[PDB]
Amino acid sequence: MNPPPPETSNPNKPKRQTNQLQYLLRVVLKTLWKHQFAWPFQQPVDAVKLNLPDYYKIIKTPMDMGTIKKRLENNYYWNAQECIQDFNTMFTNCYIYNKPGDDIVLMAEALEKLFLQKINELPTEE
Ligand SMILES: CCc1c(C(=O)Nc2cccc(OCC(N)=O)c2)[nH]c(C)c1C(C)=O
């Protein structure tokens, strides 16, 4: 079975709309989403569909860009570090679960290199 997906809505969680979070949606997410290697990362790992009965035995902090997109679009975050953590979690999960040099790892590595360059350019808070 798949787990419930990560939370994307919680009215009890205080929220901010900030220029750094706006950058994360408008620049970081947009650049990553349209990348040729993005599709495996655009939704939670569907362990049923992929016949990976062990995925959620190994990965206990799942994350994906579909979830990040929802979090950004629905103003889930307080700060940019929260969002950056979600991207990092997504990449780390892929590296933990998969063999080095697997296609999925090569794809994650490509996205991560692009991610790091965009994050290095994160604007100062207004
Ligand atoms: C290698 C299996 C794997 C995928 C993958 O194949 N995803 C996928 C599969 C079907 C459709 C889809 O999305 C369809 C869409 N983008 O609409 C995405 N993604 C990750 C992160 C991993 C692992 C194990 O780390």
Side-chain angles (χ1 to χ4, degrees), residues 1-16 18-126:
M1 291 176 52
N2 291 316
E7 185 171 271
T8 55
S9 178
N10 185 342
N12 284 324
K13 187 177 189 293
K15 318 296 209 306
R16 290 194 301 186
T18 71
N19 69 306
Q20 291 190 332
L21 281 165
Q22 284 170 215
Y23 175 84
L24 279 161
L25 176 53
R26 292 319 165 188
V27 182
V28 186
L29 182 75
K30 171 219 87 228
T31 296
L32 264 69
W33 188 269
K34 62 67 194 124
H35 190 282
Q36 67 174 331
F37 293 161
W39 66 267
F41 302 95
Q42 286 174 346
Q43 73 180 209
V45 174
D46 184 336
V48 172
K49 183 219 312 211
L50 287 161
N51 182 38
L52 302 176
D54 60 328
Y55 185 82
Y56 289 110
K57 172 72 191 166
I58 304 308
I59 296 304
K60 300 300 197 199
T61 61
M63 187 52 55
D64 63 280
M65 296 200 297
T67 295
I68 294 166
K69 183 175 184 283
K70 284 171 170 177
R71 288 180 171 190
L72 288 164
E73 294 179 340
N74 288 286
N75 301 272
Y76 182 77
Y77 296 116
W78 186 256
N79 62 219
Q81 198 34 64
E82 277 181 286
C83 179
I84 288 163
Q85 182 55 250
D86 286 344
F87 279 102
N88 283 147
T89 294
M90 176 184 78
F91 298 131
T92 294
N93 290 343
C94 181
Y95 307 144
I96 291 176
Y97 180 79
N98 299 285
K99 262 111 76 213
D102 280 357
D103 282 336
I104 189 73
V105 174
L106 269 269
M107 302 168 84
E109 279 172 346
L111 291 171
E112 182 182 29
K113 182 199 162 99
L114 189 46
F115 175 71
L116 280 31
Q117 69 184 230
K118 295 311 205 186
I119 288 315
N120 280 348
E121 301 181 50
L122 188 74
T124 306
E125 307 176 286
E126 283 170 0

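The first residue in the sequence is number 1, and the count goes up from there.
- In this structure, the side-chain contact (heavy atoms from CB on, under 4.5 Å) partners of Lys69, at least two apart in sequence or on a different chain, are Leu29, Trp33, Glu73.
- The side-chain heavy atoms of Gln43 and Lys49, taken from C-beta on, include a pair separated by under 4.5 Å.
- Summarising the local packing, NZ of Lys34 is surrounded by more than 12 heavy atoms from other residues, nucleotides or ligands at distances under 6.0 Å.
- Of the inter-residue distances, the one linking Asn19 atom CG with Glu125 atom CD reads 7.5 Å to the nearest 0.5 angstrom.
- Of all non-hydrogen atoms in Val28 and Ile119, the two that sit nearest each other are CG2-CD1, 4.1 Å.
- To the nearest 0.5 Å, atoms SG (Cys83) and CG (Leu21) are separated by 6.5 Å.
- Side chain of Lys15 to backbone of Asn10: a donor-acceptor contact under 3.5 angstrom is found.
- Scanning both residues, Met107 and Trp39, for their nearest heavy atoms gives CE-NE1, 4.0 Å.
- Other residues, nucleotides and ligands contribute over 12 non-hydrogen atoms within 6.0 Å of the NZ atom of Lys60.
- In this structure, the side chain of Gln20 engages the main chain of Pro123 through a donor-acceptor pair within 3.5 Å.
- Using the six-membered ring where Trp is involved, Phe37 and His35 have ring planes that are tilted, between 30° and 60° apart.
- A 4.5 Å side-chain heavy-atom check between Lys118 and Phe87 finds every atom pair outside the cut-off.
- Between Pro5 and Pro44, the shortest heavy-atom distance links the atoms CB-CG, 4.5 Å.
- The OH atom of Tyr23 lies 12.5 Å from the CG atom of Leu25; values are rounded to the nearest 0.5 Å.
- Atom OH of residue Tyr77 and atom CG of residue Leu24 lie 8.0 Å apart, to the nearest 0.5 angstrom.
- Connection of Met63 to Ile58 is not established within any shared hydrophobic cluster, with ILVMFWY side chains joined at heavy-atom distances below 4.5 Å, either directly or through further cluster members.
- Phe91 and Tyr97 fall into different hydrophobic clusters, where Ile, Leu, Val, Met, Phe, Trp and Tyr side chains are chained together by heavy-atom contacts under 4.5 Å.
- For the pair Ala38 and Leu111, the tightest heavy-atom approach, listed with the atom from each and the gap, is CA-CD1, 4.2 Å.
- When atom types are taken as modelled, the side chain of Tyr56 and the backbone of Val45 share a donor-acceptor pair closer than 3.5 angstrom.
- The closest donor-acceptor contact from the side chain of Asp46 to the backbone of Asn2 lies at 3.5 Å or more, if one exists at all.
- Going from atom CZ of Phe41 over to atom CG of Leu32 covers 10.0 Å, rounded to the nearest 0.5 Å.
- Formation of a donor-acceptor pair under 3.5 Å by the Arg71 side chain with backbone atoms of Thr8 is not found in this model.
- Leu114 and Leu116 fall within a single hydrophobic cluster, where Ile, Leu, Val, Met, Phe, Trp and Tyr side chains are chained together by heavy-atom contacts under 4.5 Å.
- Under a 3.5 Å cut-off, the side chain of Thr92 and the backbone N or O of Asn88 do form a donor-acceptor pair.
- Without hydrogens or angle criteria, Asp86 side chain to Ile68 main chain gives no donor-acceptor distance under 3.5 Å.
- Distance alone, capped at 3.5 Å, is enough to place a donor-acceptor pair between the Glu82 side chain and the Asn79 backbone.
- Formation of a donor-acceptor pair under 3.5 Å by the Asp102 side chain with backbone atoms of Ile104 is not found in this model.
- Linking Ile, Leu, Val, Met, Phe, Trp and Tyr residues whenever their side-chain heavy atoms come within less than 4.5 Å leaves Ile59 and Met1 in two separate clusters.
- To the nearest 0.5 Å, the span separating CG on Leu72 from NZ on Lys30 amounts to 13.0 Å.
- Other residues sharing a hydrophobic cluster with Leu106 under the 4.5 Å side-chain heavy-atom criterion for ILVMFWY residues do not exist; the residue is a singleton.
- The two atoms that bring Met90 and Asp64 nearest to each other are SD-CA, 3.7 Å, heavy atoms only.
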